[PDB]
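Sharing a structure here in structure tokens format.
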Amino acid sequence: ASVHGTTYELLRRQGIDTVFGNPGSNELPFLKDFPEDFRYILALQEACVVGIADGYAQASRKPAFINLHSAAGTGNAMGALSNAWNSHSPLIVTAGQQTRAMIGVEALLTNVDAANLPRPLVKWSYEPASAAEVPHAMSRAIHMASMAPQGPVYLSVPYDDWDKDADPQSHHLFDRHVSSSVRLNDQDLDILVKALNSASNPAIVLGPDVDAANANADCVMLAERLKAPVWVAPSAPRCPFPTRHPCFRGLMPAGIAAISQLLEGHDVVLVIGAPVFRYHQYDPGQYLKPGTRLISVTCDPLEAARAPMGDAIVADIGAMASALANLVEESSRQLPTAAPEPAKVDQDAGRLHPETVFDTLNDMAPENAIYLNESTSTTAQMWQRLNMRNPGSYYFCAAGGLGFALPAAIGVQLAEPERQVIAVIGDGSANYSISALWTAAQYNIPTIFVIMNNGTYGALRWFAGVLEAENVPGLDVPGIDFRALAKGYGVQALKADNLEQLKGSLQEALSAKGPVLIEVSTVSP
Amino acid sequence: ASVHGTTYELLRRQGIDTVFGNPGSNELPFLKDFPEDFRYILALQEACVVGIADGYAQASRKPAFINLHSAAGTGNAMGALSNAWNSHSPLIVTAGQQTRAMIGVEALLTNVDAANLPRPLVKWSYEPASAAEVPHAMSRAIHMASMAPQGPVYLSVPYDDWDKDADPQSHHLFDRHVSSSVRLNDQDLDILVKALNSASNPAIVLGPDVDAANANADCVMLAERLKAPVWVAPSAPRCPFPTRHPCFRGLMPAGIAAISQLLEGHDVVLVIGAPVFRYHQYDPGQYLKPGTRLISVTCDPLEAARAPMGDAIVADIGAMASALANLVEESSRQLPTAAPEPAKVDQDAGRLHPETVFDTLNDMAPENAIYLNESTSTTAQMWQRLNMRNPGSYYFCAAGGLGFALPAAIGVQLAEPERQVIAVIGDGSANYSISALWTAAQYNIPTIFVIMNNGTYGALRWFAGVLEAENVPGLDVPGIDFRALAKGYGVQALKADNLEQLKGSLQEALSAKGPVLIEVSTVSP
Amino acid sequence: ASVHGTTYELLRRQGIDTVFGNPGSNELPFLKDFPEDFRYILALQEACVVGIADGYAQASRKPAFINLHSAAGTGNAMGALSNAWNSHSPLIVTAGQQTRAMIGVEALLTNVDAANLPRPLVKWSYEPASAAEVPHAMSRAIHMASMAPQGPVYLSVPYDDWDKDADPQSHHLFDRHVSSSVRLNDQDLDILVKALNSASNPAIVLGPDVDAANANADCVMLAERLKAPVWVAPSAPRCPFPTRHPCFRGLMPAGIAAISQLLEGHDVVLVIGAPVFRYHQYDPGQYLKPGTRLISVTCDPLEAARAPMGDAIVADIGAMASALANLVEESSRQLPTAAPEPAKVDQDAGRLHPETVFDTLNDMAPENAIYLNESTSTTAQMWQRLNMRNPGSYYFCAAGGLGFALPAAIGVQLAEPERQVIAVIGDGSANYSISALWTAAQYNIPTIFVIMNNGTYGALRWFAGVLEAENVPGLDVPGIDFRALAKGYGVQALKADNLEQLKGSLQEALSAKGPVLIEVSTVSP
């Protein structure tokens, strides 16, 4: 067998059947004779290839396979990798290298010091020392991406390797099962359960690894038994809990003093599937107030090490959430009462308030919609206004890197063909991976893109206000016609300048048989 | 509180009370006002500082703290780190950096690009961005070294940081408990237990993470219930099983074809606490023969990813060994029969055969002795001839880096004051960290060093034979007087040129109140 | 031709005929059939292999070739590399890697992520992607080490590569000549010459790249024409000027305020072949006083970039010193007058003052002696008391990493068989690479080692005084018998407890036909 044949066999035996790619000449020997059972998803720029794969992985809860072109293709994707690192996305990134005979002279398209290029944003990064090693290296990549804590990995392959003879002993790679589905030993688990049972005012804080694990329903059982309020950890990249459940208390503010104040009076705070914590703004104070202690369950030793307070347990989030939900006592305390509905903001017949857009989306979208956020100044309102009952219903760029939601919405919709994906993207963010629109058009992946157009980088105007920073250049982005960009890439486009047109545009988009972009004229900050 | 005071408080609250060091000027601000409850162990060169700390950590089963001088001190220790990486040793390596005001100009003793210096041989490597951050960075280092898979970490600290004010919120670091004591979820554990119960001819292979976990006695229960032979995985850095137990079958040959041949006819091979596998020699063949399947339990995702065959489970070795030993059925098969005793090699009245040295050590040493091996051409004989009943009884440089056993024997004897440590070290290996002898003399740490003197790098002469390599230079090391080197560093010294003198020298050394070196005239290969 | 044959041919064609090494099993395929025209110099530990090669390179002014064993051998040498980096030493470091077929599984002796291991202390670090590439990679290593700014480089080679067929086109590597012998263009050179001619009170500061370039005699002509005082830049690793020439003013103090004060009243300060500057102690103040401007000529862009003041020119030191010495006008100012001789320190019949040792060395040593310093608390006195008329007469560990002078003295004496090498090494420093003594004994390289025994790390006691640091542990090193360590490794040994015995020991050592160690009882600080 050739290295090509053995590698595609390994991939299909490990569950991989799709290649997200932008091709190049170092990759033609890999892509030729492309197997009939695989499907290649082209995108026009690498940040878009990786963003699509990333949404697909996160929504499918399985690794996604990427193929990029040498150094420049890999480099074009590094902002996307920054997000994938922070979301623990299982991404297997492969890039073609020059033929081994041309690497020394550094011929054009040589990826110099290849394994160092994607660092520090990958779990494992490698170039094999011979062609026969490529299937074993690919095996290592699959498992490194897929073990807890999941994350992106990188394999560089000289293009001459593919046609070489494979090692016949590579067949032992094909059916390897590797598990990291582990939980705290019985004795220590019992100590943890007794501490939860004994708490007089417990709180729960949930992060994105809960949704990744599909542990959401176990965490609802846990919060119901403990009769405990549930917050989402700050800077949330996913939604880990039904947002209209009576226990739900919303997104935590990403500040040190805000969070200790929020948690005051809670004696035991249990954090599951989040870093402790992904703060953002400068908000100095106590990490925790007197009387509050914290216990974190994380799948990631780097999170456990860097928490400034609390105990920690490094284990699988699905296994831990399930064990705790089934072991804790039913508390005799009263179940928390549901937060009230948000108020309607006054809206005239002109530009839309973001509140109005979310309220209308919530009124019209199916109950199993999936939302993506890259509307940076409207996050708090989005979280208050969208009822998200099901898992896998929210994604926001986990490292803050814009250019995620537009491609990732396409990957998510590919992963979940029966759930309507709606990406709400600011006019600033929409440009970073605008070319991804073409993939949705070409493959007919029926994502709806809602572009919030207020003409400015609104969140940066807000941070500038907090800093009291005057005379900052580069904050305005006038003069973009999103309907013309959608036409550019083959996607039906609509404009909503007021509420009547927003309703009509949403009705048409929800009825459409393909992707749709709606440019919404929003109020300027 | 100062950063100095808060950092020593963090260390003592996390169980650390000893600093293994070779001091320098960037470290004086850390070492001044050295706390009365800590103890500083000086060694004269950094490979020796790290080798001592390493033996201490491995034998104590807890992290050890090291303090070295900037770049050159850290660089002198990098071979030692190579071993510590492969043995999963929990080493917290700190090094002093220049004052922050002098780093830019690259004053003398600046550690340039400090965090990259020890890579790839550390789990985590860092320099803090401010003085107030140093206690949190130290906390991160403690936990990264201590979480499974354990390993060395590196922290660089500008010398001006220590006298700065600490953040009052650093107190939340002091009592953090972080656990990685986890095992496979119940459902999958039950599947694994049923596969073991159902095996018709199971084999067990154990590696060094079993001894690190003190899981040895659980693995004896497991092998007794399964009525299964037990091998030690190849290239063994520790001994995970009593070597005269009836199930024990010895050290596996470090070759691919040798191991598949050994395992042939075994239907399920369970590997615990080892890489799969640490092969050495070139020995191409099948990874496993038809009819054999393998299941590995490892604490290290990098081991699980790179195994060329088998299933794998990434979990704590102590938690997994205990759970399996207590859950499996007692098989009705007959218990394996003990291997026979090794034969006596003919010995005349002249130079000693290595076989004779081990046989005599076994005759005379206490039953709780601890041995270290750095006699590279005699390993197989050592394993056959020393009855090691207890855990923590054997150490051999885990990456093959010579210069480990002499210092590590001193650390081990410090960790285990009531167990006689006996290091058997070839005349070649003895030179790499010869200066460590001074530490044993100065602190009166009563290690016995047995130097196997055959005048040559014997194992390299053997590998040269296997390669059929002629005219190789640099293989002979004549003209070293080990009794004079021991005198140099204050250690009592004895010579054994025949068996009568070997017996007398061992009797005197075993009776001594301090360290002793015995130079033994061994047969030339 | 094989890769082995083509590589040794490349080496001899590029002037390399000696391999400094400590062998291992990954290197046997390289070392077999060792060519009859090469010479292998064995040392017992890698810091000693690299220190010997380093002295040899620095004194010979040509690259030296090193061969080490995989990761642990390379790691044992990293402190030595830290020095070699700061001295711009042209060192070609090769290390053996596992066979390519065993790298993936990480067999024992695999050097993982090999090219990153020696960073940041090398100019270039690489592992070839195929066997046929090895001679080109070796060519790259030779030239990267040898081009200005010279420095260490690293090549990792899988052991199976050597017996493979070489590319017949590799012959084009054999006779490549690569020059970096360059100087500032004529127009800008003329501007610089006119500025020097016009200076009313010029000063010259010289660093180690002057001695490396053998530009010393040109700098004497330059200082004589400009009638300018000459200082050696701080933290000096080499001596660039005759120390009894009338222009010589000694070693600059390594502090910011000290140097600006020293230079005050000098209108133009010309620095040649040094960083600007290698400060050490904390000594805040003005980089330069009003009225002083600085112009640096360096062979190293990293030095030019990081100078906090002055203009800079990046060019070859030999070409620039020669051009300036021949172009500048003879000034009509009076030639500087020679510094007076140092005074005799009162010495009784007991322990030796360091002043007395240097005074006696200066009285007895040949006028072409070469000295090495690793007596850290006595540097200023050494510089005042040794008349060093010739180039290549002084070496001190350029990064401050102890363990350099003892091995490097052996390399220097190998490079300069007709110049008596005398290494003055403190009792603390002597331990770091003590095993190097064996190389001098085995090859009969007649270095004289003068061990300054005061029982303590004296310079650290001094820095502790400056810091006002009390209760510092680990500063004393009692209980070392250097005569016994020399006997250990086959080197004749003498003791001097007073001046009479110092004189007699020096007379005997200067008369000896092989290496000699003298342990000198010096006054305690």
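Some notes on this structure:
Order of writing sets the labels: A, B and C. Residues in every chain begin at 1.
Simple rule for what comes next: a contact is a pair of C-beta atoms (placed from the backbone, for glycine too) under 8 Å apart; a residue touches a chain by one contact, two chains touch by 3 or more.
The UniProt protein names, listed by chain, are A, B, C = Benzoylformate decarboxylase.
Averaging Cα atoms per chain gives one point for each, and the point farthest from that of chain C (Benzoylformate decarboxylase) is the centre of A. In this entry, chain A (Benzoylformate decarboxylase) maps onto chain B (Benzoylformate decarboxylase) through a rotation of 180 degrees when their C-alpha atoms are superposed, rounded to the nearest 5.
Centre-to-centre spacing of chain A (Benzoylformate decarboxylase) and chain C (Benzoylformate decarboxylase) amounts to 53 Å, using the average Cα coordinate of each chain. Note: centroid distance chain A (Benzoylformate decarboxylase) to chain B (Benzoylformate decarboxylase), computed from Cα atoms, is 40 Å. If you average the CA atoms of chain B (Benzoylformate decarboxylase) and of chain C (Benzoylformate decarboxylase), the two centres end up 35 Å from each other. Of all residues in chain C (Benzoylformate decarboxylase), those that touch two or more other chains are 101, 104-105, 113, 116. Interface residues of chain C (Benzoylformate decarboxylase), counted against chain A (Benzoylformate decarboxylase) in their complex, comprise 100-101, 103-105, 113, 115-116, 127-130, 132-133, 136-137, 140, 158. Interface residues of chain C (Benzoylformate decarboxylase) facing chain B (Benzoylformate decarboxylase) in the complex, by the touch rule stated above, are 19, 21-25, 28-29, 31-34, 40, 42, 44-47, 70-83, 99, 101-102, 104-109, 112-113, 116-117, 119-121, 234-235, 254, 275, 277-280, 282, 284, 306, 308, 397, 399-403, 428, 431-435, 438, 441-442, 457, 459-460, 463-464, 467, 469-475, 477-482, 484-485, 487-490. Across the interface of their complex, chain B (Benzoylformate decarboxylase) is touched by residues 124, 136, 139-140, 143-144, 147-148, 169, 172-173, 176-185, 188, 286-288, 301-302, 304-316, 319, 322-323 of chain A (Benzoylformate decarboxylase).
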